[PDB]
């Protein structure tokens, strides 16, 4: 049972879940202004943990045949865990997450249910269909924060963080798809750069631009101060510059570089929200 527990932790991808759970705490810290309550923290950490665990397991169930070719070392294609054992496990992880979220509030259950439907549908069909998949990737990453946010007293700064993450991650996903265009085409993957070419990069720019318009709101609404405003300013200008370069040079090389830059900037924006939250 020492080896079996290691196999079940490999199936859920325990590192990815803890990463998502920390994201959920981050959101709760901002919302409560670091005035953290241990009982609410334990609910937030584990609801995100089990909803994330369910998603990773449901992903492996629908990918058992695909994984048999690419990376057969995974728990399901290697035969370490039976398909039925995985299906019963994902059901248990799901009930745990949903029942636990009832003890937070109505908003937490709504996010829990919406995440659960998106995770199942993404694993089932929207992983291959990027126009909807790119939205899902954006929404789910942002929802992690919003989940911790709805548990705290001031959700407004976490609402802006969720909206900005969704828009910028969705945009960056189309940018990644423009770089992976040649590979995706010879795999039966439908994406905006495959259907529209360079035109899609204007929609990726639009999503980044809309995120930039919403970014000074915690300052304007008198929630966050000067350090947020300065960190956001550098990042907003760098975002508009990054997309401007890609629109001027719409190639695989530039798309690859802009994709790396946007990930760094997104991490500084997260730091700016944490820094802004330190109001004590």
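Numbering follows the first chain given and starts at 1.
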property	result
Entry-level comparison of average CA B-factors, 98 to 106 and 187 to 195, reporting the higher stretch	187 to 195
Stretch with the higher entry mean CA B-factor, where the candidates are 136 to 144 and 78 to 86	78 to 86
Relative C-alpha B-factor of residue 70, binned into the chain's lowest, middle or highest third	highest
Chain third (lowest, middle, highest) by recorded CA B-factor, residue given as residue 153	highest
Entry-reported Cα temperature factor of residue 130, expressed as the chain third it lands in	middle
Residue 201, C-alpha B-factor rank within chain (lowest, middle or highest third)	highest
Within-chain third of residue 62 by Cα B-factor, per the entry	highest
